[PDB]
Amino acid sequence: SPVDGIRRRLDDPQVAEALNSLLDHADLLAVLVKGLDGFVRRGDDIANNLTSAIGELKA
Amino acid sequence: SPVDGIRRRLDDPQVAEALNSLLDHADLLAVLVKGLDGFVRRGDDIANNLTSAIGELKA
Amino acid sequence: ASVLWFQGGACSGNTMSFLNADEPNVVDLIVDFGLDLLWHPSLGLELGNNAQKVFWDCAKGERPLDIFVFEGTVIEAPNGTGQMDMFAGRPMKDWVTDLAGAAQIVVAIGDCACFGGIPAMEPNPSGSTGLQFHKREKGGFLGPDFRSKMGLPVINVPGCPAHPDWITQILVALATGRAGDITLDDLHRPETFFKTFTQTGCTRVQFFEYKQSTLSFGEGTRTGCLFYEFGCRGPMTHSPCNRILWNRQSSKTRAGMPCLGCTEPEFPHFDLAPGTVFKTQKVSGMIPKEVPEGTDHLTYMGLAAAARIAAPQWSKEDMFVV
Amino acid sequence: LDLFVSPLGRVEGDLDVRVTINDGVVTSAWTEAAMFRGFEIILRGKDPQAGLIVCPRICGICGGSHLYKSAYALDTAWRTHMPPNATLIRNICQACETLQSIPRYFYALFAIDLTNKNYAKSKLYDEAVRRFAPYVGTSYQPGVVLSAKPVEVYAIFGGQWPXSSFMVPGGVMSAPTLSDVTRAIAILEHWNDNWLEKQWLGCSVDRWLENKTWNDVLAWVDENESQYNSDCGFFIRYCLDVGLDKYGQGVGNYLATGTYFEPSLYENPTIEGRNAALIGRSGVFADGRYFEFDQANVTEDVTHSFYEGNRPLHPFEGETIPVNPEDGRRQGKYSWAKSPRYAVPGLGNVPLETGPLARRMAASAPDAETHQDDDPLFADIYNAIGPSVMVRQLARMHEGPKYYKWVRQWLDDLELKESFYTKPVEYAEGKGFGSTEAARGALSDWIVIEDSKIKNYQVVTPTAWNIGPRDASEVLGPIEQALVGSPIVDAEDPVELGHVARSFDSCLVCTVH
Ligand code: FCO
Ligand code: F3S
Ligand code: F3S
Ligand code: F3S
Ligand SMILES: [Mg+2]
Ligand code: 3NI
């Protein structure tokens, strides 16, 4: 089975080592995605900030 | 077993917290990869758009 | 040109919309354009055995059937018997089989007939399907390879209901020798109506361009585009709703109602699942899940940010003022 | 003679009528609604506002009514605030749909049967044929063509007709402009002048509304040549000549849920406050007596319907579980129509005829408030000649002038600077009752929202009231009893069955949904 093969890859010492190092820095990945979610959910505000900034340079 | 070790890391409170936060913003990751897939599948169109744009600046 | 108009799992909204026809109006279409309306459940004089005589003559080829219009879904339940739609002594689906096989042209009017529409929403108790489609999937009741005697597939005049012109102008074209001018898209819809989008001619496209959202219904719709907060499917929906106005007056989007994408085979989209009605599904609260047709989320969002920055003041104010 | 008429068309859907005929008279009747879509089943688990999209699709001709009552079901379920302008727009659009229905149904669905060969001996038959023949009738063509105008008004406010969902909890989606209202007024005045007054009445709406008795109506017919030769005057004379006043009596008991809220009285829709706020009054007229309508008294029986069930259910606990028509017919079930019954004290759960006649009877009830329809005309007609095909039709047609005047006034009442929508709280839970008088009568939604989803959604349409089959007590539905007693001159073309069924303006897509 192909799913069996992914489990087989997970056994690989080198694959496992890399996956473990990814889970060691999963907090950083989580925070960067949370930061991106924040940036996206405040994208309208950042757009209004760039609008007020350009609008000042217009005046 | 090395795979058992990745399951062990998954138990870790801090690893689990980060993986849960990743799965919280998974929709953002999905949409960004879908956006990239879209951009790639319309890469020829964007290339034709840049060709027509440069071709205008040429004339 | 004889026309037999049957209704399966229909609400008769396509007929009522059709009766709103102007230029031609329905009476002038039926009388003055040489279209002999053999029968229509809402308009035919014949009842009972006289009506059945008309139907059987059409089905068996005793009299010519030029246009078979079908409105409503092909109801197949229960258990494929179609007895949830018994018409004139038969399951309606059997009538559909016979008459679609007899007609020179078969026209499915309205999503129900074209694609299954609202009755085909899960759990689809009536086993409803379209003539040649079930939602987007080609084949429906008649099969993907069905062709009428003029060689055409089922002409899908979608909508829920179809606008009167979407059918009447096709009928006029057929009656005036312009059948060859009729081109059909991949959903068998007349491209003369369905190359445009609902957004095409929408009074709110400038707000769309500048990513100015209508925020609320009622007076809130004096400004803004409905795409961002109300799930307007205008930019993803092929229709001339804003080109050829409804009732010669308006369109949903002009009026402040989001386009529900009813000309699209998936209608009702998302099966009206909770949270999808008059709402834009968004990723991370700001990226629409569905972007306009032919755009990708990356470019669309980049252009949207640029437009929000460039947006002129009038795009942020009421425009459909008293 | 057992006569099975299939199809009986021009009832907006699939209807078969079985009748027992003895000595040329129907002695028993069964109405068989033959097409089922199951929208109540579909709505379960959908978005709480899915009704605003789905319910209009119950019916093309009266979907706007469905929208109206579904919106009010949500308004009550969510305890919304309705700005007066929103109430006005809802009233206008409901009434405009009805104003479209009145001529469209009359000419396209009903009056063409007046050309039946059974009437060839009538002295008015040639004129009836000239006027009402399908597609070529001199009254048919303008009546049908102009029937599209009132729904142009509907489209002005709702974007389109049919199939807008612009009536939402908290108001309407639209924000009418000045030109919207002026154009709506112009369209309405043009339609009134060109069809209602010129063609239907041959007089002003005011002159018609001066008719307070049946004798007033007869005097109106004879008053002058314009009224005499109007479609209304001709129709009355034709009915009296050919005997349309002599059968189709029906139950003689009526249900009106009412519609058209006075904007100041229904700003916060509730089930309990609904009746007082109505302009077109609710009212049950049973055993010659007036009763207040109460939705709690509504049950639906499926004994002879193709649904599972063993007891009448109030629609809040309603269920729509189809049974296979083969099995159901083995159990004596014969219709996809449920059998709505109303608990009238001293009478039990009785069938009630719905429709314009029911509304006119309700409007004849005492103690009308100032905002409410107070019209004794059809109390007098009911007492003088009783119900019939002619009287039922006259009630329908009588609503034309009345509703036109109401719509014109409501358009004047619009305060364009004021709100059309109060954003509601979309509560995860709620029980809503929305009701209206669609063209054909009491149309009602009982909705139960649970967990931000539709937990239950039960629609009871006016034709379900009228055409619904026998209940558990074998009591015939209003249309079934109206068919009983109908003469049958020609079993090959039993046009009188059509006259009776269509005099109710039967809508079978609504009946079953
Ligand atoms: N009018 C109408 Fe349709 C019916 N019956 C609904 O409600
Ligand atoms: S208008 Fe009615 S017939 Fe079907 S396409 Fe829409 S539910
Ligand atoms: S431009 Fe119009 S069609 Fe919808 S997406 Fe905006 S309201
Ligand atoms: S819902 Fe349909 S009628 Fe036009 S505005 Fe959208 S395609
Ligand atoms: Mg029901
Ligand atoms: Ni109806």
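Chain identifiers are assigned alphabetically (A, B, ...) following the order of the sequence lines, protein sequences preceding nucleic acid strands; residue numbering begins at 1 within each chain. Heavy-atom basis, side chains included; hydrogens, waters and symmetry copies ignored. Whatever order the structure lists them in is the order used to number ligands and atoms, beginning at 1.
- Within ligand 2, counting atoms from 1 as listed, the ones closer than 4.0 Å to a heavy atom of C:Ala10 are 3 (S).
- Partner of D:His513 under the side-chain hydrogen bond (donor to acceptor under 3.5 Å, both in side chains) criterion, out of D:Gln458, D:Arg37, D:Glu40: D:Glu40 alone.
- One finds the CD atom of C:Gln7 at 8.0 Å from the CE atom of D:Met35 (value rounded to the nearest 0.5 Å).
- Nearest heavy atoms, C:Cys241 versus C:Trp166: SG-CZ2, 3.5 Å.
- Residue contacts with ligand 2, taken as heavy atom pairs separated by less than 4.0 Å, do not involve C:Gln7 at all.
- Partner C:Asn20 forms a side-chain hydrogen bond (donor to acceptor under 3.5 Å, both in side chains) with one of D:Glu152, D:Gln160, D:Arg104 and no other, that one being D:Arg104.
- Counting protein heavy atoms only, atom 2 (Fe) of ligand 4 is closest to C:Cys262 SG, 2.2 Å.
- Between D:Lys69 and D:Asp445 there is a salt bridge, since at least one side-chain N of the basic residue sits less than 4.0 Å from a carboxylate O of the acidic one.
- Heavy atoms of C:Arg233 stay at 4.0 angstrom or farther from ligand 4.
- Put simply, the residue from C:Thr200, C:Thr203, C:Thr253 that forms a side-chain hydrogen bond (donor to acceptor under 3.5 Å, both in side chains) with C:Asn242 is C:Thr253.
- Residue C:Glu137 qualifies as open at atom CD: its count of foreign heavy atoms under 6.0 Å is 12 or below.
- Considering every non-hydrogen atom in both C:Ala77 and C:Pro125, the closest pair reads CB-O, 3.3 Å.
- Close contacts between ligand 4 and C:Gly261 involve ligand atoms 1 (S), 6 (Fe) [criterion: under 4.0 Å to a heavy atom].
- Residue contacts with ligand 4 leave out C:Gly159, since none of its heavy atoms falls under 4.0 Å from the ligand.
- Counting atoms of ligand 2 from 1 in the listed order, those under 4.0 Å from a heavy atom of C:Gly110 are 5 (S).
- Aromatic ring centres of C:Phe217 and C:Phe230 lie closer together than 6.0 Å.
- For ligand 4, the atoms sitting less than 4.0 Å from at least one non-hydrogen atom of D:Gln160 are 3 (S), numbered in the order shown with element in parentheses.
- Checked by atom type, the side-chain pair C:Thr198/C:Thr237 shows no donor-acceptor distance below 3.5 Å.
- No hydrogens or angles considered: a donor-acceptor pair under 3.5 Å links the side chains of D:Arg44 and D:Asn456.
- By the 6.0 Å contact criterion, NZ on D:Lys455 is open, its count of non-hydrogen atoms from other residues, nucleotides or ligands being 12 or less.
- Nearest protein heavy-atom neighbour of atom 4 (Fe) of ligand 4: C:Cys241 SG, 2.2 Å.
- At least one N/O/S atom of C:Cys259, from backbone or side chain, sits under 2.8 Å from atom 6 (Fe) of ligand 4.
- Distances below 4.0 Å separate heavy atoms of D:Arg57 from the following atoms of ligand 2: 6 (Fe), 7 (S).
- Distances from atom 2 (Fe) of ligand 2 show that D:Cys59 has no N/O/S atom below 2.8 Å.
- Atom 6 (Fe) of ligand 2 has its nearest heavy-atom neighbour, among C:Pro158, C:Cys160, C:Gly13, in C:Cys160.
- Numbered from 1 in the order shown, with element, the atoms of ligand 2 that lie under 4.0 Å from a heavy atom of C:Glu71 read 3 (S).
- Protein heavy atom at the shortest distance from atom 3 (S) of ligand 4 is C:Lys252 NZ, 3.1 Å.
- Atoms of ligand 4 found under 4.0 Å from any heavy atom of C:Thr237, numbered from 1 in the order shown, are 7 (S).
- Ligand 4 does not have C:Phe267 within reach: every non-hydrogen atom of the residue lies 4.0 Å or more from it.
- Among all protein heavy atoms, the one lying closest to atom 7 (S) of ligand 4 is C:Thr198 OG1, 3.3 Å.
- Summary of contacts: the protein heavy atom closest to atom 5 (S) of ligand 2 is C:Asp111 N, 3.1 Å.
- Under 4.0 angstrom from ligand 4, the non-hydrogen atoms of C:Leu260 come from both its backbone and its side chain.
- Every atom of ligand 4 with a heavy atom of C:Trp246 under 4.0 Å away is listed here by number and element: 3 (S).
- Salt-bridge check for C:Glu264 with C:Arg189: passed, with a basic side-chain N closer than 4.0 Å to an acidic carboxylate O.
- Below 4.0 Å from some heavy atom of C:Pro161 lie the following atoms of ligand 2, by number and element: 1 (S).
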